[PDB]
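Participant: Mind looking over this structure? Questions follow.
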Amino acid sequence: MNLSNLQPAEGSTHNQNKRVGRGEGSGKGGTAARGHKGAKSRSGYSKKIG
Amino acid sequence: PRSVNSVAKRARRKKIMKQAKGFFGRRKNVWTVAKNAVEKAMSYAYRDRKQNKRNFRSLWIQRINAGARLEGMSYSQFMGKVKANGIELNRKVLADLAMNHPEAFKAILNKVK
Amino acid sequence: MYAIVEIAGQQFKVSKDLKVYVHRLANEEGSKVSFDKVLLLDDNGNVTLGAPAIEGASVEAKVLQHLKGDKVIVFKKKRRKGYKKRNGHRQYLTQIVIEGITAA
Amino acid sequence: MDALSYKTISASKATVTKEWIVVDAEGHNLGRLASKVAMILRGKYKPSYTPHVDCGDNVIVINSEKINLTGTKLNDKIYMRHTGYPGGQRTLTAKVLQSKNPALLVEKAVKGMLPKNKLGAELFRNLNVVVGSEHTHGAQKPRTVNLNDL
Amino acid sequence: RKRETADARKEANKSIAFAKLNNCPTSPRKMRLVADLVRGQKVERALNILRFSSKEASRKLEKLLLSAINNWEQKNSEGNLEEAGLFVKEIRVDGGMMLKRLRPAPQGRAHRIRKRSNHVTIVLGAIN
RNA sequence: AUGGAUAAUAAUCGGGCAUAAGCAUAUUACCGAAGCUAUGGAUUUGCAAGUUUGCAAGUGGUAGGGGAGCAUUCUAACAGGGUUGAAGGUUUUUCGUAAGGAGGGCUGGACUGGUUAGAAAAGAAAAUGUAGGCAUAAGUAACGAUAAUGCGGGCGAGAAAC
RNA sequence: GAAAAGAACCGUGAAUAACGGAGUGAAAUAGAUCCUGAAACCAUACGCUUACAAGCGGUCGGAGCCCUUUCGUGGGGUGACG
């Protein structure tokens with residue numbers, strides 16, 4: 001109707017607050033999402049395709 | 001844009017530190033010592049709530065036993081003869097009667113005995 | 001004259017002019033309630049102890065207000081695992097004022 | 001906001017009434033008498049017992065010299081009294097200990113059935129263990145209580 | 001609130017007689033030793049104690065008390081001084097801004113030395 | 001039940017202690033957990049009424065997966081507050097499952113912020129993390145060749161060192 | 001600090017060290033370490049406890065003593081003892 005009553009369709013917008021590594025209580029915290037030690041938990045890991 | 005949570009950063013810890021009021025030493029003003037003590041205090045407060053319900057029943061049982069042994073009886077026999085008589089009075093009320101109204105307690109004892 | 005009555009789920013020491021805090025009752029504020037669950041009476045001269053739910057005995061009260069108790073913080077935490085959670089909890093209560101203990 | 005409305009009243013120091021019980025230990029076993037003495041001293045035969053208050057009575061054992069042990073315990077009971085110095089563990093006997101101040105038998109028997117606290121060390125000061133047959137309290141009017149009526 | 005009103009209400013120092021000694025190049029822990037002997041004493045016993053004290057922190061504390069006495073005499077102009085019977089109501093020794101210097105320790109390192117200061121405040125009060 | 005050696009700081013039925021308060025069988029009452037039940041309340045799926053209610057099954061949790069949200073900074077619209085006192089700091093009351101919201105007193109003396117939508121330099125308790133400030137050890141080590149000082153006058157408020 | 005109007009002058013003090021007054025200002029607890037000015041840290045006054053009693057210093061019960069009060073199975077502080 002106006003520029004102060006804009007409302008998108010139900011289901012088009014999402015959380016947008018989900019950040020990884022923001023304390024225990026929001027889910028992904030501590031060991032952010034990579035489990036414990038290993039090559040797949042190091043900064044800059046890339047899966048070799050072949 | 002640059003966002004700094006400076007005011008609420010300390011307003012959040014002021015509320016958690018205001019409940020560490022009366023703690024010995026630096027457990028009341030130092031932040032990283034007060035936060036470690038408030039959480040443990042809340043952990044201790046979660047329990048002891050299940051224990052307050054079984055530490056008062058012990059006191060009630062002891063007082064009922066004391067009030068029943070004045071009439072040449074025991075707590076076990078008294079509770080047996082009370083439960084197998086259709087009375088249904090909890091130990092709280094029974095101890096309150098044994099402590100404050102010995103006439104009512106001995107009346108109950110003579111009725112169930 | 002004092003009696004004991006199981007009102008909601010617990011027994012009390014109801015007097016003639018007492019104010020009691022009981023659990024949340026399903027009655028509007030400022031209404032009359034009657035409890036026919038008197039387990040023991042004593043009118044200062046005789047204790048008419050009997051089977052539960054004495055026939056003629058009934059305690060009448062009036063509902064003053066529906067309120068909530070002090071907030072308690074339920075805090076659970078497991079050390080070295082990173083698991084913790086704290087929740088506030090209040091208790092719904094109803095205040096009643098006793099206005100009569102009809103015996104027999 | 002004190003939302004209980006029905007509390008359990010606990011006795012205070014201004015409401016307790018302490019008596020001056022006198023107990024004859026002529027025919028009695030050591031532990032069999034000490035258990036009842038400790039229960040009376042703690043205070044559990046009154047329907048007003050609070051666990052944190054010094055309730056109860058004051059016990060006066062008036063025949064401690066005439067107590068007896070059942071088996072060969074008078075000759076085979078040992079008390080250890082380590083002092084703190086290297087090699088300072090002293091061992092007494094039930095026969096030697098009653099040769100000097102026979103009241104120590106009943107005293108050490110009662111001390112050990114107490115809560116082992118500040119309240120429990122203050123309860124031991126209410127116990128009077130007399131070696132003879134007459135006490136020295138006098139103007140207190142103590143009443144005799146038989147331990148077989150409890 | 002109106003700041004002029006708050007200041008006019010807080011300007012009640014026209015009765016209390018006090019004295020201050022700011023930026024004294026002495027440590028507070030060494031003057032708190034001589035302040036305890038003076039706290040609560042009479043205005044002349046305190047002077048004698050400060051004059052015969054075996055501490056270098058009293059030579060400049062014995063004249064702060066004289067300045068406080070003079071301020072009391074200025075504020076209470078109508079009246080003598082020996083009939084009032086002054087004493088030492090409160091005396092506080094606080095810290096101050098300290099200077100930082102360096103001392104060369106052995107083996108090419110440097111230690112820090114803080115030359116400390118202190119602030120002294122005294123109020124007299126009267127017996128009357 | 002009894003004899004068949006025991007390890008080095010003082011020892012053990014947990015202790016007192018018990019001749020039963022030990023052991024074997026049988027019986028009764030009682031105590032005994034966050035188990036079960038009684039009362040109040042909240043929430044997740046499935047089924048119906050609608051536009052929250054009713055019933056059933058649930059509701060420990062690490063690695064990990066999913067869903068609803070709070071605060072912070074800024075922007076677009078509409079609607080506001082403030083020198084009769086804004087932001088900020090300090091106490092207090094109340095509300096919510098929580099992150100948090102709102103109100104009052106004191107200091108403070110100019111900005112601030114509601115609703116809907118959007119963006120991100122968007123949240124610390126630990127990295128022998130960085131910078132600044134301040135404690136503890138403590139009035140403790142030390143005051144830097146064991147060639148040495150004593151007295152009398154002078155200036156001076158003040159002299160073991162001039 | 002809007003503008004130096006940046007404290008003439010008097011007293012203590014050896015002192016143009018500091019302070020107390022007096023004038024400027026709306027403010028001097030805006031005084032040149034100068035807007036508001038928190039936390040760590042260092043002290044003083046007041047209320048309650050503490051010299052026979054052993055340990056993550058808290059939590060659940062619990063007298064006694066001090067303030068407030070819509071007057072209360074109301075609030076705040078300290079808390080002997082379990």
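Residue names in the structure tokens use chain letters A, B, ... in the order shown, residue numbers from 1 in each chain, and ligand numbers from 1 in the order shown.
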When you look at segment 111-122 of chain D with a cut-off of 12 Å (counting only C-alpha atoms (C1' of nucleotides)), what residues show up, excluding the ones that are within fewer than 6 positions of it in the same chain? I need them as an NGL selection string.
Facilitator: (:D and (31-43 or 50-56 or 58 or 104-105 or 129)) or (:F and (15-17)) or (:G and (52-54 or 80-82))
Participant: Limited to C-alpha atoms (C1' of nucleotides), could you put the picked residues into a file as a PDB file, in the first residue's frame?
Facilitator:
ATOM      1  CA  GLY D  31      27.501 -48.888  73.698  1.00  0.00           C
ATOM      2  CA  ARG D  32      23.943 -49.900  74.578  1.00  0.00           C
ATOM      3  CA  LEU D  33      23.842 -47.098  77.150  1.00  0.00           C
ATOM      4  CA  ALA D  34      25.892 -44.627  75.103  1.00  0.00           C
ATOM      5  CA  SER D  35      23.489 -44.796  72.148  1.00  0.00           C
ATOM      6  CA  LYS D  36      20.517 -43.744  74.280  1.00  0.00           C
ATOM      7  CA  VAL D  37      22.637 -41.159  76.110  1.00  0.00           C
ATOM      8  CA  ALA D  38      23.727 -39.607  72.809  1.00  0.00           C
ATOM      9  CA  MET D  39      20.155 -39.590  71.503  1.00  0.00           C
ATOM     10  CA  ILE D  40      18.933 -37.850  74.672  1.00  0.00           C
ATOM     11  CA  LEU D  41      21.806 -35.355  74.492  1.00  0.00           C
ATOM     12  CA  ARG D  42      21.144 -34.510  70.836  1.00  0.00           C
ATOM     13  CA  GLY D  43      17.426 -34.284  71.587  1.00  0.00           C
ATOM     14  CA  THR D  50      15.304 -28.709  65.148  1.00  0.00           C
ATOM     15  CA  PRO D  51      18.546 -30.121  63.700  1.00  0.00           C
ATOM     16  CA  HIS D  52      20.450 -26.810  63.874  1.00  0.00           C
ATOM     17  CA  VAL D  53      19.516 -25.846  67.459  1.00  0.00           C
ATOM     18  CA  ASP D  54      21.061 -27.148  70.685  1.00  0.00           C
ATOM     19  CA  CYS D  55      17.888 -28.800  71.951  1.00  0.00           C
ATOM     20  CA  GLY D  56      17.736 -31.742  74.334  1.00  0.00           C
ATOM     21  CA  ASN D  58      21.814 -32.444  80.084  1.00  0.00           C
ATOM     22  CA  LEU D 104      36.855 -41.717  80.181  1.00  0.00           C
ATOM     23  CA  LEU D 105      35.262 -44.964  78.972  1.00  0.00           C
ATOM     24  CA  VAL D 129      30.185 -38.193  83.611  1.00  0.00           C
TER      25      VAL D 129
ATOM     26  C1'   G F  15      33.639 -44.521  62.902  1.00  0.00           C
ATOM     27  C1'   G F  16      31.386 -45.186  67.821  1.00  0.00           C
ATOM     28  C1'   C F  17      30.663 -49.792  69.063  1.00  0.00           C
TER      29        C F  17
ATOM     30  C1'   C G  52      37.703 -23.694  70.229  1.00  0.00           C
ATOM     31  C1'   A G  53      37.632 -23.268  65.095  1.00  0.00           C
ATOM     32  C1'   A G  54      39.725 -26.801  59.203  1.00  0.00           C
ATOM     33  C1'   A G  80      25.086 -17.189  65.122  1.00  0.00           C
ATOM     34  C1'   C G  81      23.938 -22.666  63.690  1.00  0.00           C
ATOM     35  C1'   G G  82      22.670 -27.168  60.306  1.00  0.00           C
TER      36        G G  82
END
Participant: For chain G, list the residues within 10 Å of chain B, counting only C-alpha atoms (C1' of nucleotides), and write the list as a PDB file with N, CA and C atoms (P, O5', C5', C4', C3', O3' and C1' of nucleotides), in the first residue's frame.
Facilitator:
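New file iface_26.pdb:
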ATOM      1  P     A G  38      33.813   8.228  36.821  1.00  0.00           P
ATOM      2  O5'   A G  38      33.353   6.704  36.846  1.00  0.00           O
ATOM      3  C5'   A G  38      31.977   6.354  36.790  1.00  0.00           C
ATOM      4  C4'   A G  38      31.756   5.105  35.974  1.00  0.00           C
ATOM      5  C3'   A G  38      32.587   3.896  36.381  1.00  0.00           C
ATOM      6  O3'   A G  38      32.001   3.173  37.447  1.00  0.00           O
ATOM      7  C1'   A G  38      32.721   4.201  34.038  1.00  0.00           C
ATOM      8  P     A G  39      32.918   2.548  38.606  1.00  0.00           P
ATOM      9  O5'   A G  39      33.744   1.406  37.869  1.00  0.00           O
ATOM     10  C5'   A G  39      33.107   0.226  37.404  1.00  0.00           C
ATOM     11  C4'   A G  39      34.114  -0.759  36.866  1.00  0.00           C
ATOM     12  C3'   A G  39      35.324  -1.012  37.749  1.00  0.00           C
ATOM     13  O3'   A G  39      35.068  -1.948  38.780  1.00  0.00           O
ATOM     14  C1'   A G  39      36.042  -0.607  35.541  1.00  0.00           C
ATOM     15  P     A G  40      35.853  -1.846  40.176  1.00  0.00           P
ATOM     16  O5'   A G  40      37.306  -2.404  39.841  1.00  0.00           O
ATOM     17  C5'   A G  40      37.482  -3.716  39.329  1.00  0.00           C
ATOM     18  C4'   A G  40      38.840  -3.887  38.700  1.00  0.00           C
ATOM     19  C3'   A G  40      40.028  -3.697  39.626  1.00  0.00           C
ATOM     20  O3'   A G  40      40.306  -4.846  40.405  1.00  0.00           O
ATOM     21  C1'   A G  40      40.390  -2.492  37.631  1.00  0.00           C
ATOM     22  P     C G  56      35.093 -25.232  50.529  1.00  0.00           P
ATOM     23  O5'   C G  56      34.993 -24.279  49.257  1.00  0.00           O
ATOM     24  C5'   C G  56      35.911 -24.398  48.174  1.00  0.00           C
ATOM     25  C4'   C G  56      35.395 -23.728  46.923  1.00  0.00           C
ATOM     26  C3'   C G  56      34.395 -24.542  46.106  1.00  0.00           C
ATOM     27  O3'   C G  56      33.497 -23.647  45.450  1.00  0.00           O
ATOM     28  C1'   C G  56      36.286 -24.082  44.783  1.00  0.00           C
ATOM     29  P     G G  57      32.045 -23.348  46.065  1.00  0.00           P
ATOM     30  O5'   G G  57      32.336 -22.384  47.297  1.00  0.00           O
ATOM     31  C5'   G G  57      32.630 -21.004  47.099  1.00  0.00           C
ATOM     32  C4'   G G  57      32.414 -20.212  48.364  1.00  0.00           C
ATOM     33  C3'   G G  57      32.742 -18.723  48.274  1.00  0.00           C
ATOM     34  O3'   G G  57      31.859 -17.995  49.127  1.00  0.00           O
ATOM     35  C1'   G G  57      34.083 -19.725  49.933  1.00  0.00           C
ATOM     36  P     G G  58      31.194 -16.621  48.627  1.00  0.00           P
ATOM     37  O5'   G G  58      30.222 -17.068  47.448  1.00  0.00           O
ATOM     38  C5'   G G  58      28.892 -17.487  47.717  1.00  0.00           C
ATOM     39  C4'   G G  58      28.515 -18.687  46.886  1.00  0.00           C
ATOM     40  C3'   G G  58      27.107 -19.219  47.091  1.00  0.00           C
ATOM     41  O3'   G G  58      26.151 -18.518  46.315  1.00  0.00           O
ATOM     42  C1'   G G  58      28.656 -21.009  47.166  1.00  0.00           C
ATOM     43  P     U G  59      24.765 -18.029  46.963  1.00  0.00           P
ATOM     44  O5'   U G  59      23.865 -19.340  46.983  1.00  0.00           O
ATOM     45  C5'   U G  59      23.488 -19.989  45.779  1.00  0.00           C
ATOM     46  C4'   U G  59      22.929 -21.360  46.057  1.00  0.00           C
ATOM     47  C3'   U G  59      21.810 -21.411  47.085  1.00  0.00           C
ATOM     48  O3'   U G  59      20.542 -21.121  46.526  1.00  0.00           O
ATOM     49  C1'   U G  59      23.430 -23.053  47.601  1.00  0.00           C
ATOM     50  P     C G  60      19.398 -20.439  47.422  1.00  0.00           P
ATOM     51  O5'   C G  60      18.845 -21.637  48.314  1.00  0.00           O
ATOM     52  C5'   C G  60      18.214 -22.758  47.716  1.00  0.00           C
ATOM     53  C4'   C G  60      17.963 -23.850  48.725  1.00  0.00           C
ATOM     54  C3'   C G  60      17.229 -23.430  49.988  1.00  0.00           C
ATOM     55  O3'   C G  60      15.825 -23.343  49.813  1.00  0.00           O
ATOM     56  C1'   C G  60      19.109 -24.731  50.572  1.00  0.00           C
ATOM     57  P     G G  61      14.948 -22.447  50.815  1.00  0.00           P
ATOM     58  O5'   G G  61      14.935 -23.289  52.166  1.00  0.00           O
ATOM     59  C5'   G G  61      14.659 -22.670  53.412  1.00  0.00           C
ATOM     60  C4'   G G  61      15.093 -23.541  54.564  1.00  0.00           C
ATOM     61  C3'   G G  61      15.036 -22.900  55.941  1.00  0.00           C
ATOM     62  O3'   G G  61      13.738 -22.911  56.505  1.00  0.00           O
ATOM     63  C1'   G G  61      17.115 -23.978  55.666  1.00  0.00           C
TER      64        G G  61
END
Participant: Using only C-alpha atoms and a distance of at most 9 Å, pull out the residues of chain A that contact chain C, as JSON, numbers by chain.
Facilitator: {"A": [24, 25, 29, 30]}
Participant: Excluding same-chain residues fewer than 6 positions from residue 74 of chain B, what lies within 12 Å of it counting only C-alpha atoms (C1' of nucleotides), as a PDB file with N, CA, C and O atoms (P, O5', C5', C4', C3', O3' and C1' of nucleotides), in the first residue's frame?
Facilitator:
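For reference, selection10.pdb as written:
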ATOM      1  N   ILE B  61       9.373 -36.564  59.513  1.00  0.00           N
ATOM      2  CA  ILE B  61       9.376 -37.938  60.004  1.00  0.00           C
ATOM      3  C   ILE B  61       9.983 -38.005  61.398  1.00  0.00           C
ATOM      4  O   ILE B  61       9.475 -38.710  62.277  1.00  0.00           O
ATOM      5  N   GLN B  62      11.070 -37.265  61.626  1.00  0.00           N
ATOM      6  CA  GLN B  62      11.693 -37.262  62.947  1.00  0.00           C
ATOM      7  C   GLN B  62      10.759 -36.681  64.000  1.00  0.00           C
ATOM      8  O   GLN B  62      10.669 -37.203  65.118  1.00  0.00           O
ATOM      9  N   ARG B  63      10.046 -35.605  63.662  1.00  0.00           N
ATOM     10  CA  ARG B  63       9.133 -35.003  64.629  1.00  0.00           C
ATOM     11  C   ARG B  63       7.937 -35.908  64.904  1.00  0.00           C
ATOM     12  O   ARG B  63       7.480 -36.007  66.049  1.00  0.00           O
ATOM     13  N   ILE B  64       7.421 -36.583  63.874  1.00  0.00           N
ATOM     14  CA  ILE B  64       6.335 -37.536  64.085  1.00  0.00           C
ATOM     15  C   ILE B  64       6.804 -38.689  64.961  1.00  0.00           C
ATOM     16  O   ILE B  64       6.077 -39.151  65.848  1.00  0.00           O
ATOM     17  N   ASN B  65       8.029 -39.168  64.732  1.00  0.00           N
ATOM     18  CA  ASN B  65       8.576 -40.240  65.556  1.00  0.00           C
ATOM     19  C   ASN B  65       8.711 -39.803  67.007  1.00  0.00           C
ATOM     20  O   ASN B  65       8.369 -40.557  67.927  1.00  0.00           O
ATOM     21  N   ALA B  66       9.206 -38.584  67.231  1.00  0.00           N
ATOM     22  CA  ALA B  66       9.340 -38.078  68.594  1.00  0.00           C
ATOM     23  C   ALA B  66       7.982 -37.940  69.268  1.00  0.00           C
ATOM     24  O   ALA B  66       7.825 -38.298  70.441  1.00  0.00           O
ATOM     25  N   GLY B  67       6.987 -37.423  68.544  1.00  0.00           N
ATOM     26  CA  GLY B  67       5.670 -37.256  69.130  1.00  0.00           C
ATOM     27  C   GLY B  67       4.942 -38.564  69.360  1.00  0.00           C
ATOM     28  O   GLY B  67       4.080 -38.649  70.239  1.00  0.00           O
ATOM     29  N   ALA B  68       5.272 -39.595  68.584  1.00  0.00           N
ATOM     30  CA  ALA B  68       4.634 -40.894  68.742  1.00  0.00           C
ATOM     31  C   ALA B  68       5.313 -41.760  69.790  1.00  0.00           C
ATOM     32  O   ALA B  68       4.655 -42.615  70.393  1.00  0.00           O
ATOM     33  N   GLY B  80       2.010 -47.342  59.988  1.00  0.00           N
ATOM     34  CA  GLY B  80       1.281 -48.496  59.490  1.00  0.00           C
ATOM     35  C   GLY B  80      -0.179 -48.472  59.896  1.00  0.00           C
ATOM     36  O   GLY B  80      -1.077 -48.623  59.060  1.00  0.00           O
ATOM     37  N   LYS B  81      -0.437 -48.271  61.191  1.00  0.00           N
ATOM     38  CA  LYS B  81      -1.808 -48.243  61.685  1.00  0.00           C
ATOM     39  C   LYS B  81      -2.577 -47.021  61.201  1.00  0.00           C
ATOM     40  O   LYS B  81      -3.811 -47.050  61.189  1.00  0.00           O
ATOM     41  N   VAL B  82      -1.886 -45.952  60.808  1.00  0.00           N
ATOM     42  CA  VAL B  82      -2.572 -44.784  60.266  1.00  0.00           C
ATOM     43  C   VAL B  82      -2.933 -45.006  58.804  1.00  0.00           C
ATOM     44  O   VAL B  82      -4.055 -44.712  58.374  1.00  0.00           O
ATOM     45  N   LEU B 109      -3.769 -40.485  67.632  1.00  0.00           N
ATOM     46  CA  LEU B 109      -3.100 -41.725  68.013  1.00  0.00           C
ATOM     47  C   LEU B 109      -4.062 -42.686  68.703  1.00  0.00           C
ATOM     48  O   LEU B 109      -4.059 -43.888  68.417  1.00  0.00           O
ATOM     49  N   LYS B 113      -5.291 -46.227  67.242  1.00  0.00           N
ATOM     50  CA  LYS B 113      -4.707 -47.291  68.048  1.00  0.00           C
ATOM     51  C   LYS B 113      -5.782 -48.070  68.798  1.00  0.00           C
ATOM     52  O   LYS B 113      -6.976 -47.861  68.586  1.00  0.00           O
TER      53      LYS B 113
ATOM     54  N   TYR D  45      13.532 -36.962  71.456  1.00  0.00           N
ATOM     55  CA  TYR D  45      12.314 -37.453  72.077  1.00  0.00           C
ATOM     56  C   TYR D  45      11.314 -36.337  72.337  1.00  0.00           C
ATOM     57  O   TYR D  45      10.315 -36.557  73.028  1.00  0.00           O
ATOM     58  N   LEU D 150      12.146 -45.901  77.113  1.00  0.00           N
ATOM     59  CA  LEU D 150      12.208 -45.029  75.947  1.00  0.00           C
ATOM     60  C   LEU D 150      11.923 -45.808  74.668  1.00  0.00           C
ATOM     61  O   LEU D 150      11.964 -47.038  74.658  1.00  0.00           O
TER      62      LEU D 150
ATOM     63  P     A F  29       2.846 -55.364  55.593  1.00  0.00           P
ATOM     64  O5'   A F  29       3.372 -54.104  56.410  1.00  0.00           O
ATOM     65  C5'   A F  29       2.564 -53.495  57.405  1.00  0.00           C
ATOM     66  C4'   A F  29       3.360 -52.544  58.263  1.00  0.00           C
ATOM     67  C3'   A F  29       4.136 -51.466  57.528  1.00  0.00           C
ATOM     68  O3'   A F  29       3.331 -50.370  57.133  1.00  0.00           O
ATOM     69  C1'   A F  29       5.529 -52.462  59.145  1.00  0.00           C
ATOM     70  P     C F  30       3.690 -49.545  55.802  1.00  0.00           P
ATOM     71  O5'   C F  30       5.019 -48.752  56.181  1.00  0.00           O
ATOM     72  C5'   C F  30       5.023 -47.786  57.222  1.00  0.00           C
ATOM     73  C4'   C F  30       6.424 -47.460  57.675  1.00  0.00           C
ATOM     74  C3'   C F  30       7.317 -46.776  56.655  1.00  0.00           C
ATOM     75  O3'   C F  30       7.075 -45.383  56.561  1.00  0.00           O
ATOM     76  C1'   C F  30       8.506 -48.536  57.691  1.00  0.00           C
TER      77        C F  30
END
Participant: What's the separation between atom CA of residue 108 of chain B and atom CA of residue 44 of chain C, in Å to one decimal place?
Facilitator: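 According to the coordinates, atom CA of residue 108 of chain B and atom CA of residue 44 of chain C are separated by 15.3 Å.
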Participant: Please check the contacts: residues of chain D at most 7 Å away from chain B, using only C-alpha atoms, listed as a PyMOL selection string.
Facilitator: chain D and resi 8+44-49
Participant: What residues in chain F lie within 6 Å of chain C, counting only C-alpha atoms (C1' of nucleotides), written as number ranges by chain?
Facilitator: F: 39-40, 97-98
Participant: Based on the selection just made, write C-alpha atoms (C1' of nucleotides) of those residues as a PDB file, in the first residue's frame.
Facilitator:
ATOM      1  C1'   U F  39      -1.589 -29.973  41.447  1.00  0.00           C
ATOM      2  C1'   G F  40      -0.159 -25.711  38.452  1.00  0.00           C
ATOM      3  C1'   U F  97      11.094 -19.041  27.922  1.00  0.00           C
ATOM      4  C1'   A F  98      15.730 -16.213  27.204  1.00  0.00           C
TER       5        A F  98
END
Participant: Determine, for each residue of chain F having at least one atom at most 7 Å from an atom of chain A, the closest pair of atoms and their separation in Å to one decimal, counting only C-alpha atoms (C1' of nucleotides); order by chain and ascending number, as a Markdown table.
Facilitator:
| residue | atom | partner | partner_atom | distance |
| --- | --- | --- | --- | --- |
| F:63 | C1' | A:35 | CA | 5.7 |
| F:77 | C1' | A:3 | CA | 4.9 |
| F:78 | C1' | A:4 | CA | 6.2 |
| F:116 | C1' | A:4 | CA | 5.0 |
| F:117 | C1' | A:6 | CA | 5.9 |
Participant: Near segment 6-17 of chain G, within 6 Å and counting only C-alpha atoms (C1' of nucleotides), which residues show up once chain neighbours fewer than 6 positions away are dropped, as a ChimeraX atom specification?
Facilitator: /E:67,70 /F:157
Participant: Write the residues of the selection above to a file with N, CA, C and O atoms (P, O5', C5', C4', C3', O3' and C1' of nucleotides), as a PDB file, in the first residue's frame.
Facilitator:
ATOM      1  N   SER E  67      47.129  25.338  59.012  1.00  0.00           N
ATOM      2  CA  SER E  67      46.313  25.992  57.995  1.00  0.00           C
ATOM      3  C   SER E  67      44.834  25.689  58.202  1.00  0.00           C
ATOM      4  O   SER E  67      43.979  26.556  57.991  1.00  0.00           O
ATOM      5  N   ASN E  70      43.683  27.873  61.002  1.00  0.00           N
ATOM      6  CA  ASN E  70      43.514  29.244  60.533  1.00  0.00           C
ATOM      7  C   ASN E  70      42.247  29.393  59.700  1.00  0.00           C
ATOM      8  O   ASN E  70      41.561  30.416  59.783  1.00  0.00           O
TER       9      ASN E  70
ATOM     10  P     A F 157      65.641  32.084  56.151  1.00  0.00           P
ATOM     11  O5'   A F 157      65.604  30.915  57.234  1.00  0.00           O
ATOM     12  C5'   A F 157      64.817  31.029  58.412  1.00  0.00           C
ATOM     13  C4'   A F 157      63.964  29.804  58.624  1.00  0.00           C
ATOM     14  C3'   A F 157      64.702  28.473  58.622  1.00  0.00           C
ATOM     15  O3'   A F 157      65.268  28.168  59.885  1.00  0.00           O
ATOM     16  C1'   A F 157      62.786  28.329  57.235  1.00  0.00           C
TER      17        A F 157
END
Participant: For residue 20 of chain D, list every protein, DNA or RNA residue within 10 Å, evaluated using only C-alpha atoms (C1' of nucleotides), and leave out those in the same chain fewer than 6 positions away; present the list as a ChimeraX atom specification.
Facilitator: /D:56-60,126-127,137,140-145
Participant: Looking only at the backbone, which of the residues in chain D does DSSP tag as helix (DSSP H, G or I), as a PyMOL selection string?
Facilitator: chain D and resi 30-42+64-66+73-76+94-97+103-110+118-121+124-126+147-149
Participant: Tell me which protein, DNA and RNA residues are within 9 Å of segment 24-31 of chain E, counting only C-alpha atoms (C1' of nucleotides), leaving out same-chain ones fewer than 4 positions away, and put them as a ChimeraX atom specification.
Facilitator: /E:35-36,55,57-58,60-61,93-96,98,115-120 /F:139 /G:17-18
Participant: Contacts of residue 102 of chain D at 9 Å or less, counting only C-alpha atoms (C1' of nucleotides), minus same-chain residues fewer than 6 places along, as a VMD selection string?
Facilitator: chain D and resid 64 to 65 131
Participant: Please produce an output containing N, CA, C and O atoms for each residue in the selection, written as a compact mmCIF listing (two decimals), in the first residue's frame.
Facilitator:
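Listed below is the output, selection.txt:
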# COMPACT_ATOMS: atom_id res chain seq x y z
N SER D 64 29.31 -44.52 86.31
CA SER D 64 30.22 -44.90 85.23
C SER D 64 31.30 -45.87 85.69
O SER D 64 31.82 -46.64 84.89
N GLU D 65 31.65 -45.85 86.98
CA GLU D 65 32.63 -46.79 87.50
C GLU D 65 32.12 -48.22 87.50
O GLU D 65 32.93 -49.15 87.59
N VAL D 131 32.32 -40.31 88.21
CA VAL D 131 32.87 -41.62 88.54
C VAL D 131 32.23 -42.21 89.78
O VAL D 131 32.06 -43.44 89.87
Participant: Set out as CSV a contact list for chain F and chain E with a cut-off of 10 Å, giving each residue of chain F that qualifies its closest atom pair and distance in Å to one decimal, counting only C-alpha atoms (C1' of nucleotides), ordered by chain and rising residue number.
Facilitator:
residue,atom,partner,partner_atom,distance
F:83,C1',E:2,CA,9.9
F:85,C1',E:1,CA,7.4
F:106,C1',E:1,CA,9.6
F:107,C1',E:1,CA,9.4
F:108,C1',E:1,CA,9.4
F:109,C1',E:3,CA,9.2
F:139,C1',E:29,CA,8.1
Participant: Can you build me a table of chain B residues sitting at most 8 Å from chain F, with the closest atom pair per residue and its distance in Å to one decimal, using only C-alpha atoms (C1' of nucleotides), sorted by chain and residue number, as a tab-separated table?
Facilitator:
residue	atom	partner	partner_atom	distance
B:1	CA	F:74	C1'	6.0
B:2	CA	F:121	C1'	4.7
B:3	CA	F:73	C1'	4.0
B:4	CA	F:72	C1'	6.2
B:5	CA	F:72	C1'	4.9
B:8	CA	F:71	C1'	7.4
B:9	CA	F:123	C1'	7.7
B:32	CA	F:125	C1'	6.6
B:50	CA	F:34	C1'	7.2
B:75	CA	F:30	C1'	7.7
B:76	CA	F:30	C1'	4.6
B:77	CA	F:29	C1'	6.0
B:79	CA	F:30	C1'	7.6
B:80	CA	F:29	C1'	5.8
Participant: Only residues of chain C matter here; which ones have an atom within 12 Å of chain D, counting only C-alpha atoms? Give them as a PyMOL selection string.
Facilitator: chain C and resi 4+10-15+18-23+67-72+90-97
Participant: Can you list, as a PyMOL selection string, all residues belonging to segment 18-100 of chain C that DSSP tags as strand (DSSP E)?
Facilitator: chain C and resi 19-23+32-35+38-42+58-68+72-78+83-89+92-100
